[PDB]
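> Mind having a look at this structure? Questions to follow.
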Amino acid sequence: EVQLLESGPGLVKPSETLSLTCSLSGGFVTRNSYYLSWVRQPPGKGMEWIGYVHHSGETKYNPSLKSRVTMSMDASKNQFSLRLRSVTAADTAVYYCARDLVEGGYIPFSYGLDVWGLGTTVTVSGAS
Amino acid sequence: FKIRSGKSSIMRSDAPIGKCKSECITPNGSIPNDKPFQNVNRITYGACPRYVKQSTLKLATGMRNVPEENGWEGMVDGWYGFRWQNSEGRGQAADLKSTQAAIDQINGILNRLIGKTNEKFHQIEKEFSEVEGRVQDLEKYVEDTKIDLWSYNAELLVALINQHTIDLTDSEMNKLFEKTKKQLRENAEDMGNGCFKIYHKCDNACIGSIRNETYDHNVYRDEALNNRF
Amino acid sequence: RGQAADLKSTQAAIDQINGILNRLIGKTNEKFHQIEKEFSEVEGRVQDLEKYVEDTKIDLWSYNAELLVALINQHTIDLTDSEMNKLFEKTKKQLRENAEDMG
Amino acid sequence: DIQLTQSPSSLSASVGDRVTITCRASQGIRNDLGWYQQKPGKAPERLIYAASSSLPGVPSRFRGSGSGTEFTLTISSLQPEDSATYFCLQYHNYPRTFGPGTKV
Amino acid sequence: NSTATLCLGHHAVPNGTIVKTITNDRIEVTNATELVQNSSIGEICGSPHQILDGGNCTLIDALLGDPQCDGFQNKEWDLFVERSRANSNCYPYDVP
Ligand SMILES: *[C@@H]1O[C@H](CO)[C@@H](O[C@@H]2O[C@H](CO)[C@@H](O)[C@H](O)[C@H]2NC(C)=O)[C@H](O)[C@H]1NC(C)=O
Ligand SMILES: *[C@@H]1O[C@H](CO)[C@@H](O[C@@H]2O[C@H](CO)[C@@H](O)[C@H](O)[C@H]2NC(C)=O)[C@H](O)[C@H]1NC(C)=O
Ligand SMILES: *[C@@H]1O[C@H](CO)[C@@H](O)[C@H](O)[C@H]1NC(C)=O
Ligand SMILES: *[C@@H]1O[C@H](CO)[C@@H](O)[C@H](O)[C@H]1NC(C)=O
Ligand SMILES: *[C@@H]1O[C@H](CO)[C@@H](O)[C@H](O)[C@H]1NC(C)=O
């Protein structure tokens, strides 16, 4: 089956860029029905969608994260990475990388967020 | 001394002796005897698989894989199934009977190949340390002929079974398509892409009836004929 | 009145036949030293053992050749007819209710 | 954005009784609703995808039903192993809004 | 809202295995099983078959009564394992 694994810094100093990567095992990133997406959950609140990337060079982010978000995808390594430009104390959260399945045909049919990954905790503070 | 007749032989090996349990003994060590063919050694004792020159021989236990006319990667409940669009929305389901028939056929094919191994106890020597002449040449020739013939047999058998398995897996889909077409006598039209356009209002109950093989076409006939023509 | 040919189905059939021929033609094994197959004197047990081994090998390989040729010919004929049936059915599905199939 | 709201919160029930969770949408969707379960400290697991379609491996206690702007997840029997958070997902449009979880 | 659509289909998998048929030499299928065993445990299992280990002792040496072969007297077996370190430590002999 398809599994996803997350890797990146656990602590980011304020006013700096946060970088995360998700690697895929058991499948190929270059399939037309894979929309690799990033989700995040602040402690004690609801879960929030960040954006998705596709192998056709098409990306789509949440309007709330207006301009400080970017997504990249490497097919030769089967990875996709997320970068968050300007960081405040409201970005302390558990981040997940998930895979969406939107299949085509005469009758398009979506399945939701099928495969999830073990979330990584990102804490934003000035400490060392 | 006493001379008996039985199932005893000799072997040359440099491997340790363990406390495990296995019915096939090879100079490289004991090997499982579930698969029909082996690539470890030509010297065997017990119920051992046949030696072949090949290293990989794959038998197809599934249908053809067509990723993104195409396959559905999200259908995790069966092999063949339906996807429908109607006034109440979109949905998907799987057909259990066809999936079970294909699985049963593949399992029946597998049961005749895995676990059926013959027992050979005492045979001729297959490794020589000196050069002697005619008899040693004859033994080498016999062993080489046997190995070549069995390798050819293994390759041909794998090709034949794979061909027939793929044929049956496609035939199941064709059978389901034709059954669904016959159920919808004149109320549906084929579109040529594996889809049927049904010219009357269909709820989830009607699609369930089609999937249920309890679909009466006489009630939905006047409306379908009015819309189709 | 007119007549024309279809390229896709022809090329598919040609490709399958060429693949079969590539699997068959050109693949050979190397044999350097073997046993003697012709004798000029009568000796006994070892000589007719050699003769028996060679005869068994020849008979088995002849059987294999005959069966393989029959199998491949059967499947080639089947695929060549299946291409015509595929073209017929695709043309039938293209004309939904504007055409009728004379037998 | 189609906001999703959950009616019950911090629900407590016995072992062998019936529970219901309701998800309502601000805007109208059509059968596009998934039900997910999250145990504390672990990743969510998908339970229902087409809002009336259980996945293999899901115990028979869970069921889902709804349409339009009203969806429900019903559990006829509550085993002690099923004490986690449950939330609903919409995938009609791309912003992919969730709903605040319901604690059992 | 006066017409429905019903499509038939099959299932695919993310990864896949390439197999060979009579007509096609490269066809990708969902699942396949290997029919050739290419691994060994590295040890000779001794439970079902009676196994006699001969170290420093060939079978003919055991039969003749080699000084190092005194432990093989009146012994039975189903498989005699001869080692590469086997040697003789008695009068030289030559079996025709
Ligand atoms: C197993 O032991 C054999 C015997 O020492 C090794 O030698 C191979 O034996 C096979 C089977 O008869 C032959 O096809 C090869 O040509 C032999 N190779 C060599 C280099 O002698 C063999 O390598 C050992 N290991 C395995 C995994 O088979
Ligand atoms: C086979 O003979 C060898 C060589 O003699 C034995 O190994 C050791 O031999 C030395 C003398 O070279 C003795 O001092 C040791 O006591 C021997 N080791 C032992 C007894 O464990 C070897 O034991 C003999 N047997 C086998 C089965 O290899
Ligand atoms: C797919 O399976 C093959 C073996 O059949 C394996 O070598 C390959 O790594 C797999 N692809 C992945 C994990 O992306
Ligand atoms: C499907 O068929 C079964 C068996 O006859 C029947 O019990 C059930 O009510 C049917 N369902 C529908 C929706 O027609
Ligand atoms: C592939 O087939 C084998 C043999 O039938 C089976 O044991 C295995 O579970 C299958 N793999 C799947 C279904 O992922």
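Order determines the names: the first chain of the structure tokens is A, the second B, and so forth; residues in each chain are numbered 1 upward, and ligands are numbered 1 upward as they are shown.
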Give me, as a list in words, the residues of chain E that a backbone DSSP run labels alpha helix (DSSP H).

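Written out, the alpha helix (DSSP H) residues of chain E are residues 59, 60, 61, 62, 63 and 64 of chain E.
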
> Any chance you could export the current selection's N, CA, C and O atoms as a PDB file, in the first residue's frame?


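What follows is the written file out.pdb:
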ATOM      1  N   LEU E  59      32.797 -42.096   4.624  1.00  0.00           N
ATOM      2  CA  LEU E  59      31.949 -43.271   4.797  1.00  0.00           C
ATOM      3  C   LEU E  59      32.750 -44.560   4.674  1.00  0.00           C
ATOM      4  O   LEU E  59      32.535 -45.506   5.440  1.00  0.00           O
ATOM      5  N   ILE E  60      33.671 -44.623   3.712  1.00  0.00           N
ATOM      6  CA  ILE E  60      34.490 -45.821   3.563  1.00  0.00           C
ATOM      7  C   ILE E  60      35.418 -45.985   4.760  1.00  0.00           C
ATOM      8  O   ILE E  60      35.668 -47.106   5.219  1.00  0.00           O
ATOM      9  N   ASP E  61      35.936 -44.876   5.291  1.00  0.00           N
ATOM     10  CA  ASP E  61      36.760 -44.947   6.492  1.00  0.00           C
ATOM     11  C   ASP E  61      35.954 -45.443   7.686  1.00  0.00           C
ATOM     12  O   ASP E  61      36.453 -46.231   8.497  1.00  0.00           O
ATOM     13  N   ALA E  62      34.708 -44.983   7.817  1.00  0.00           N
ATOM     14  CA  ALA E  62      33.842 -45.478   8.881  1.00  0.00           C
ATOM     15  C   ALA E  62      33.554 -46.962   8.713  1.00  0.00           C
ATOM     16  O   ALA E  62      33.533 -47.716   9.693  1.00  0.00           O
ATOM     17  N   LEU E  63      33.320 -47.398   7.475  1.00  0.00           N
ATOM     18  CA  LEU E  63      33.049 -48.806   7.212  1.00  0.00           C
ATOM     19  C   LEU E  63      34.255 -49.673   7.543  1.00  0.00           C
ATOM     20  O   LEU E  63      34.107 -50.761   8.110  1.00  0.00           O
ATOM     21  N   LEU E  64      35.456 -49.209   7.199  1.00  0.00           N
ATOM     22  CA  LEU E  64      36.658 -50.008   7.401  1.00  0.00           C
ATOM     23  C   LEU E  64      37.112 -50.027   8.854  1.00  0.00           C
ATOM     24  O   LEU E  64      37.753 -50.994   9.281  1.00  0.00           O
TER      25      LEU E  64
END

> Give me, as a PyMOL selection string, all polymer residues having an atom no more than 10 Å from residue 90 (chain A), counting only C-alpha atoms and skipping those fewer than 6 positions away in the same chain.

chain A and resi 42+123-124

> Got a sec to pull out which chain D residues are within 12 Å of chain A, counting only C-alpha atoms, and send them as an MDAnalysis selection string?

chainID D and resid 1 3:6 31:36 38 40:51 53 55 85:102

> For ligand 4, collect every residue having any atom at a distance of at most 7 Å from a ligand atom (counting only C-alpha atoms and all ligand atoms); output as a list in words.

residues 205, 208, 209, 212 and 214 of chain B

> Got a sec: who's within 7 Å of region 25-33 of chain A, counting only C-alpha atoms, leaving out chain neighbours fewer than 4 positions off, as a compact mmCIF listing (two decimals) with N, CA, C and O atoms, in the first residue's frame?


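The result, written out as around_30.txt:
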# COMPACT_ATOMS: atom_id res chain seq x y z
N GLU A 1 0.83 -1.20 0.00
CA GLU A 1 0.00 0.00 0.00
C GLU A 1 0.86 1.25 0.00
O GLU A 1 2.09 1.17 -0.12
N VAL A 2 0.23 2.41 0.14
CA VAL A 2 0.91 3.70 0.09
C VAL A 2 1.03 4.23 1.51
O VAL A 2 0.02 4.38 2.21
N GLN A 3 2.26 4.53 1.93
CA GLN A 3 2.53 5.14 3.22
C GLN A 3 3.31 6.42 3.01
O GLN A 3 4.06 6.57 2.04
N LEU A 4 3.13 7.36 3.94
CA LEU A 4 3.80 8.65 3.88
C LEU A 4 4.54 8.90 5.18
O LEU A 4 4.04 8.57 6.26
N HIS A 55 1.40 16.67 -9.85
CA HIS A 55 2.56 16.45 -10.69
C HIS A 55 2.51 17.21 -12.01
O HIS A 55 3.52 17.28 -12.71
N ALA A 75 9.93 14.32 -8.26
CA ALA A 75 9.51 13.00 -8.72
C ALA A 75 10.65 12.00 -8.67
O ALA A 75 10.43 10.81 -8.39
N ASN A 78 10.58 10.95 -5.16
CA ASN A 78 9.26 10.65 -4.62
C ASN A 78 9.02 11.41 -3.31
O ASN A 78 8.71 10.82 -2.27
N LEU A 101 -7.43 11.43 -3.36
CA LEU A 101 -7.69 10.59 -4.52
C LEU A 101 -8.90 11.16 -5.25
O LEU A 101 -10.04 10.97 -4.83
N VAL A 102 -8.64 11.86 -6.35
CA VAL A 102 -9.68 12.37 -7.23
C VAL A 102 -9.51 11.65 -8.56
O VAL A 102 -8.59 11.94 -9.33
N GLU A 103 -10.40 10.70 -8.84
CA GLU A 103 -10.30 9.87 -10.03
C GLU A 103 -11.19 10.42 -11.13
O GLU A 103 -12.26 10.97 -10.87
N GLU B 68 -4.25 5.43 -14.30
CA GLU B 68 -4.68 6.60 -15.04
C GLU B 68 -3.58 7.09 -15.98
O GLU B 68 -2.40 7.07 -15.64
N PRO E 14 -1.55 0.76 -6.62
CA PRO E 14 -0.47 1.73 -6.85
C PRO E 14 0.76 1.13 -7.51
O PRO E 14 1.21 1.61 -8.55
N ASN E 15 1.32 0.09 -6.91
CA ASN E 15 2.43 -0.64 -7.51
C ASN E 15 1.89 -1.85 -8.27
O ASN E 15 0.72 -2.22 -8.14

> Write down as an MDAnalysis selection string the residues of region 5-215 of chain B whose backbone DSSP state falls under strand (DSSP E or B).

chainID B and resid 9:12 17:18 24:25 37:38 45:47 50:51 58:60 64 72 80:86 89:94 119:120 188:190 195:198

> Produce as a PyMOL selection string the set of residues near ligand 1, where near means within 8 Å with only C-alpha atoms and all ligand atoms considered.

(chain B and resi 27-28+39-43+53) or (chain E and resi 38-40)

> Please find the residues of chain C near chain B - the criterion being any atom within 8 Å, counting only C-alpha atoms - and write them as a PyMOL selection string.

chain C and resi 34-35+50+53+57+90+93-94+96

> So the first atom is CA of residue 91 (chain C) and the second is CA of residue 79 (chain C); what is the distance between them in Å, to one decimal place?

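Interatomic distance here is 18.4 Å.
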
> Step by step, measure atom-to-atom distances between ligand 2 and each residue using only C-alpha atoms and all ligand atoms, keep those at most 12 Å, then write them as a compact mmCIF listing (two decimals) with C-alpha atoms, in the first residue's frame.


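So out.txt came out as:
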# COMPACT_ATOMS: atom_id res chain seq x y z
CA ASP B 14 29.92 -27.94 4.64
CA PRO B 16 25.96 -26.99 10.13
CA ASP E 53 27.37 -36.09 10.44
CA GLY E 54 30.80 -37.34 9.44
CA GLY E 55 33.63 -35.02 10.42
CA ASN E 56 37.22 -36.19 9.87
CA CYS E 57 35.55 -39.42 8.72
CA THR E 58 34.60 -40.59 5.24
CA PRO E 67 40.80 -44.87 14.43
CA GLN E 68 38.90 -41.57 14.22
CA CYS E 69 35.78 -43.40 12.97
CA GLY E 71 31.99 -43.51 17.00
CA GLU E 82 30.51 -35.85 4.19
CA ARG E 83 32.61 -32.79 4.98
CA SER E 84 35.46 -31.21 3.03
CA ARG E 85 37.85 -31.64 5.98
CA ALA E 86 37.54 -35.43 5.88
CA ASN E 87 40.89 -37.21 6.01
CA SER E 88 42.33 -40.66 6.65
CA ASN E 89 44.67 -41.59 9.51

> Taking 5 positions as the minimum chain separation for residues in the same chain, which residues sit within 10 Å of residue 60 (chain D) when counting only C-alpha atoms? Answer as JSON, numbers by chain.

{"D": [54, 75, 76, 77]}

> Using only C-alpha atoms and all ligand atoms, which of the listed residues (A:128, A:17, A:79, A:92) sits closest to ligand 3?

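Selected residue with least distance to ligand 3: A:79.
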
> Given the choices D:73, D:81, D:37, D:29, which gets closest to chain B if the distance is worked out from only C-alpha atoms?

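Of the candidates, the smallest distance to chain B is held by D:29.
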
> Chain B residues within 6 Å of chain E, counting only C-alpha atoms: which ones, as a PyMOL selection string?

chain B and resi 8-22+29-31+35+37-40+57-65+71-73+75+79-87+159+162-163+194-202
